[PDB]
Structure formats: structure tokens, C-alpha cells
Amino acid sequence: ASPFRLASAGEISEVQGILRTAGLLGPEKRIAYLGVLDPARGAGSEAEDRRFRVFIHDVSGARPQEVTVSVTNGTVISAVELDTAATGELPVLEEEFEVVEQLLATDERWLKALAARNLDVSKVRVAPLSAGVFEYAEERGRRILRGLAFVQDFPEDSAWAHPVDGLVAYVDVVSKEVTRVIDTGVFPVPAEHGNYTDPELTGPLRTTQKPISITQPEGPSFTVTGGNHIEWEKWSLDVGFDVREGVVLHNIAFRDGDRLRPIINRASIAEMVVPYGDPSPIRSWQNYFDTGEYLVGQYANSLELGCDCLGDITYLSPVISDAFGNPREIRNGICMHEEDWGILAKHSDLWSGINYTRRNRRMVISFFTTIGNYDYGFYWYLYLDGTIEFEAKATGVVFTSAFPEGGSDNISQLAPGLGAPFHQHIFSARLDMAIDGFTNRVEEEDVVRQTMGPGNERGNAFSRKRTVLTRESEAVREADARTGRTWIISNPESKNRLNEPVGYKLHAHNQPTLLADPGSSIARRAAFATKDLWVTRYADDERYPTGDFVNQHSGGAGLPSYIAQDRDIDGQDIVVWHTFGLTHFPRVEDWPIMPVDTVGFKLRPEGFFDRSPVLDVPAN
């Protein structure tokens, strides 16, 4: 019944049938993106209209199309032909990745380069990577992938240990042509293996770890209804899944007495960019938009009970489309569970003689994706006290290169001759706010230091100031950790019992933003990543900070174009976009497989409630 339910296998098959009947999905067509559209604004609106958005690629070279379908009514709502040289290429297809290595294996320039290095072409794996937009005029309007080579000594070998530096090739994956092969010189291929399951490298496994058993004898405290609606410890929300964004949270609300109070209408990671900081021409083009170019939901892992998710686990198995419009289930792709989270509140009072302790817990919703060498975990947490938190966990195998003789200012050494280029991992969280409803505003809060003198004679006073962001042109903000800068999202028309507007405060980690030169291609394509906070007025078609078509798209779309409308955001339906990320100078301990590192943000209530919301938690 719910309009926010997960897409079903039948819905995806029905989209396929509708597209076929309409003449839009013949043998030369491929589905590059398919996802369900959120309901338009309007409580109630259509009784039920499930609409899907589809990006359709054509392998013969014809123009691709963007199509909206109503599965409820069996109709195509709109279909537009795309001019990709203008608006961007479609996301990379999984079938295009394998094309790269196969085409290079028969190219005489590639074979000549490998022969100069005494490498057997049958052992050379090619990582197929997104191309970006640089100086090559022949790439405009064409679907290009760039390939970097790694040697696999045997079928179970980790090829990442053996980069073939000095060599890169560019491939047109539609016409099946190798456009350029660039060879800047022979580097030694690092010889040490990186096989982290080889006993020669692990040594004998530890026998010292005793088991930790986490069980829930009476079952979990949350309920799941309608497939994806969660109720847990006064929280209410719907768990969505989109092949581009991954897990999406809808309708986050908190039951305060007899009233269900909205907090966030939609929360997602709407883009993530991984820019590399090595100026070598072999890699200076390298920037992954994992969300916009690759689609992170497509590569979600099946999560194993007792290994990936420990405890009393409830799974969701989302369904996505393959490239022909057939439904594909990602079995056990989303883990949901609650976990203990230490002390919630504690006080031992001398005067009253009362000793009081309560324990905290959090609800966890997570998925993991694998994009080539990297593996990312996406974790959303809900806490008893009203806190909402997101955490990204980065692991996998670092991307490698040769380590130059004489050293490098842009590459770490991991092993003899083996380097790891400096890079960042930067996320954009899109928070469609609904603090007690849709009339919201954002204030920037800084600590204020005060000078000793009249009215502050002992020089101890300090204060704070809040600045309302009234229009989009002034809502592009930077962090300032020194002044304790945070941002408050409040509802000026909903007041707590002290007659103050209810609100939530966003706490950032204040990590560095995009480091690239402001004139670079990546700074223009990932403009969102250059500032910590953006606020826009809600609009149906403003979904991603980088725009709809990120692959091989120059600047011109996304947040800088949205903000130019300079719309009123003071007590309006607004969207917060928060940039946060990790700057990775790889260390020896990251090799041969990287221990998890983390980054995130959290939101805490700020006068949203009339007192602590966890006074009714029992002692157990």
C-alpha cells in the first residue's frame, strides 16, 4: 500500500513490458539506470501512481533517452532524446567494463608496450576507469573508458600488488576502438605479492580470540511492516533502495507522546567523488564519481550472517534491473539490527541519595558496496536520544603505482618499489529537511569570544551568535572548527514549551574539502566538494549535487547552477547538502588490505523536545 515501498520484481518486469510495447526497448537498447520516483509534494495526491525513471543506452550509437513510466497505468509519461555532448553521458554499464581488456589485448600499440616490459598479455588485467573531461577533443560525444594495467601472476593472485606504471590507454566502448595508447617509459613492476590469505604472508593464524556471542532471546525491539517500514523506540521511517544512491531513508519521524513529528523527509548520499593527487600523466585524470558514474547500489554485496552483520539481523533483499530490464535480487543486501551503545545517562546524587543509570542503544541500517579495489560501508544510526548519525567505512585494497626512484611528494611507499598515490574520498549527504513540517530555516552558529572589560570584568564570559541564511546566494558555507561552527535547522513556526523554535543541530567532522586547484577539471565537475554546506530550496528535479549525467560531463550542472536561482530559504521547504570526506595519505599499515577508516556527521536535537526524550527508558 505504501508509496515508499521497495520496488518489486513484478514492477521491474512491468516497466520492461511497457518500454517494449512502446518501441523503446528493442535488442540494441540497454537500461543504464532504473529507479522509482518519489511522490510529488502533496499529502495524499494520487491514490497510487508508481512512476519509474529510466536511462536507455543504444549500443549502435543512436542517441540515448530519458524515459518516465507509470507502472500503475501502463503508460510512458515522457521520453526525451539526449544530446550527450551537451548534457553528459549515461552511467557506465557493467558490460562495458569487460570490453576494455579484450580490446587492448589485440591492439598492436598495447602489445608492443607489454613486450617492451616482458609481460605476457594473458596475465595483464586492465582496470577500466571513468574518463572525465580533459584536453582530448575527439572524446566529446563519445563513451570513453581509460585503462590502467596490473599483472596477475596466477588466477588467485592480487593484481593490485603489480601495477604496470608508465602506461595508459583510452577506449571508445561503443565503436570498440582504442583511441590512444600512451607509454611514458618502463617502470619495474613491483614483484612482492599482496595475497592476504597466503599463510606465507599471514603467518600462523591467532588462536587467542575467544567468541563474543550477541543474541536477542525475545527477538529485536523493532518491527518491520509493509516490507520496509520500521518502527523502533519512538522512531518511524521507511528504508528505500536506489541503484544509484544505495540505501535511502524516507519519512524519518519521532513519536513524541501522541504526535508523530517529522524530522527528515529524505536522507541519502547523493554523490561521492574520489580524486587522485598524483600529477603523473598516467593518473592525473583519475577521479571516481562512484555514485554518479558507476551507481553504488548496483555493486552492493550480499552480507553474510555472523561475518558482515553480527547479532539478531533482519535483512532486506532489494531488487534492481539488469541491463535488459529483468529483475535482479541483491540477496541480503541490507542489514538491520539494534545494538547496545553503552551508558545513556548517569548520576549519583549526594543530596538526594538517588543513584541512576540508563543504557543507550542504536538502530543500525547498513549496506556495503565494492567498486574495483575499494569497498565502502554505508551506516545510518538512530539513537534513543534523538540523535541521527551517518558513518562511511572505507576499506579494500589501495590503488597502487610504481614508487619512483628518488621519491615522490604525491605518492606513499608501501613495499619495495610499490607506491600508493595520495587521494581523497568525499561524500555529499542530501538531507531534505522537515523539522516538525516543511517550513524550515538554517542558522549558522559560531562561538563568540568576549574581551575583558565593563560587564565582563573578570574576562570569563563567552557567548554565541546565530546568523539566519535567508537566500540561496548566501547559503554556501565553510567549516570553522576554531569557532566551533555548527548549523541549526529550525522551524520558526513550531515552538517548544519555552517559546523557542524547535531545531536540530548539524555537527560536522571538519575534515578538509577538495584540495585540487580551483581551475581544475575536477573542481568544476565536483564543485559541491569545495564547500562544507549548501542550502537550496526544494525542487523535484534537483536530485544530485553533480546533476543527472555526471559521466564525461563538463561543469555547468548541479549545485552551482541551482544556487543561482537565489530562492528564498527562510522558513521554506529546504534541502541541506553536506560535504564531508577523508584525505588519504596511505600508510604501510594499509597494505596489503586496508583496515577500516571512517568519516561521517551527526544531527542532535536542539530544543526540539520540551525536556530529555529518554526519561521513560526503563532500568531493565
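For the two forms, the rigid core is made up of the largest set of C-alpha atoms that agree within 1.5 Å on superposition. Numbering starts at 1 and follows the sequence shown.
**Q** Between 54 to 62 and 40 to 48, which one strays more from this form in 6 other deposited structures of this protein if you match the rigid core and compare Cα atoms?
**A** With the rigid core fitted, 40 to 48 is the stretch that strays more in 6 other deposited structures of this protein.
**Q** Looking at the deposited entry, does 431 to 439 or 505 to 513 carry the larger mean Cα B-factor?
**A** Comparing 431 to 439 with 505 to 513, the higher average CA B-factor belongs to 431 to 439.
**Q** On average, which has the higher Cα B-factor in the deposited entry, 126 to 134 or 212 to 220?
**A** 212 to 220 has the higher mean C-alpha B-factor.
**Q** Between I320, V92, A253, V121, where does the Cα B-factor run highest in the record?
**A** Answer for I320, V92, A253, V121: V121, with the highest C-alpha B-factor.
**Q** Out of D540, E391, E445, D532, which one has a C-alpha B factor higher than all the others in the entry?
**A** Max CA B-factor in the entry, restricted to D540, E391, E445, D532: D540.
**Q** Among the chain's modelled residues, which third holds the C-alpha B-factor of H578?
**A** Lowest third - that is where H578 ends up once the chain's C-alpha B-factors are sorted.
**Q** Relative to the other modelled residues in the chain, which third contains the C-alpha temperature factor of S45: lowest, middle or highest?
**A** As the PDB entry reports it, the C-alpha B-factor of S45 lands in the highest third of its chain.
**Q** Divide the modelled residues of the chain into thirds by Cα B-factor and specify which third, lowest, middle or highest, holds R466.
**A** For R466, whose C-alpha B-factor we compare with every modelled residue in the chain, the answer is the middle third.
**Q** Would you please rank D566 by its C-alpha temperature factor against the other modelled residues of its chain and give the third it falls in: lowest, middle or highest?
**A** Highest third.
**Q** Which third, lowest, middle or highest, does the CA B-factor of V596 fall in along this chain?
**A** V596: CA B-factor falls in the lowest third of its chain.
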